[PDB]
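Before any comments, here is the structure.
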Amino acid sequence: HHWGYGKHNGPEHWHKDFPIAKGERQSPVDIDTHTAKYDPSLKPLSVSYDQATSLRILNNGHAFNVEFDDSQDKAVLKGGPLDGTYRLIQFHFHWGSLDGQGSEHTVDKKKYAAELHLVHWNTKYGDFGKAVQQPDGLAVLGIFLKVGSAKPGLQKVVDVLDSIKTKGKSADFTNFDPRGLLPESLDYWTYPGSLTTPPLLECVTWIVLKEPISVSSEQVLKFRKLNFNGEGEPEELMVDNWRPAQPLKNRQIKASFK
Ligand SMILES: [Zn+2]
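In terms of the authors' numbering, the sequence shown is residues 3 to 125, 127 to 261.
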């Protein structure tokens, strides 16, 4: 029926409704650190999030998205392997039922507790919907989360989850600064891939940061209290909303560092 992460509608079933699931540039992938090519021609990333305007947080049934005003160049990503300016539209996480799983990308087969995705679209395309139909339409920054010390800048997000517990619920979420979610270093790996949920379009330049951020056990616990279902429906905890690694096929992962 409709896709999700259960036994009956999980990733292994997606290809029946979205044949691109078995495409040549699907994500996530395992990053083999010893086969990644250092590319000295890659520039440092440029993250300009000082004018970011968050608007709302929403439970869409598969994750929770924090949405930003993208009507102007207020929070942009440029540099790195990118040509042009990419505007931040939303961020969301992928997480597990246990601390040993949850990320979508893996590093030398190592899984992290969760993975943050900052989604950006190429302004040359005018809007998000046009951007996803182009091979260079989106840029996603992926940040791994490990359990350890609490991340102060994540607490405002954690605290509002009770108010969007079920699918379709939303809450005003203004003045949130996404700079509190970045690691200290911007060293990254990059490869051409796709969205990791249906429609799985192959329109993403992935930028995966090498350095994970730490979150406390209590913070990740609060993620696991959300629901996949809508209000008044049988409760299904929102956990394990990650797609397993896909074949690299004809692709090369490049590193910005050595
Ligand atoms: Zn994602």
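Just so it is clear, CB atoms sit at the ideal spot from N, CA and C, and this is done for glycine as well.
Where residue i sits in the DSSP three-state scheme
i	result
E236	coil
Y191	strand
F260	coil
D32	strand
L224	helix
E69	strand
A38	coil
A153	coil
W209	strand
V135	coil
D162	helix
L184	helix
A23	helix
Per-residue burial, residue i [other beta carbons within 10 Å of its own, 16 or more giving buried]
i	result
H10	exposed
residue 299	Shown here, the chain extends from 3 to 261; a query on residue 299 therefore has no answer.
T177	exposed
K113	buried
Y191	buried
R182	exposed
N124	buried
Exercise answer, beta-carbon shell around ligand 1 heavy atoms below 6 angstroms: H94, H96, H119 and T199
Hey, is the stretch 127 to 144 in contact with the stretch 205 to 223, meaning 3+ C-beta pairs nearer than 8 angstroms? yes
Does the stretch 32 to 48 come into contact with the stretch 56 to 76, if we say contact requires no fewer than three beta-carbon pairs (one atom in each stretch) closer than 8 angstroms? Touching, no, given that fewer than three Cβ pairs across the two stretches are closer than 8 angstroms.
Considering only residues of the stretch 35 to 122, which uninterrupted beta strand (DSSP E) runs meet the minimum length of 3 residues and lie entirely inside it, listed in chain order? 47 to 50, 56 to 61, 66 to 70, 78 to 81 and 88 to 97, all fully within the stretch 35 to 122.
Per the contact definition of three or more C-beta pairs closer than 8 angstroms, is the stretch 89 to 98 in contact with the stretch 241 to 248? By the Cβ test, the stretch 241 to 248 is in contact with the stretch 89 to 98, since at least three Cβ pairs between them sit closer than 8 angstroms.
Per the contact definition of three or more C-beta pairs closer than 8 angstroms, is the stretch 78 to 89 in contact with the stretch 43 to 52? yes
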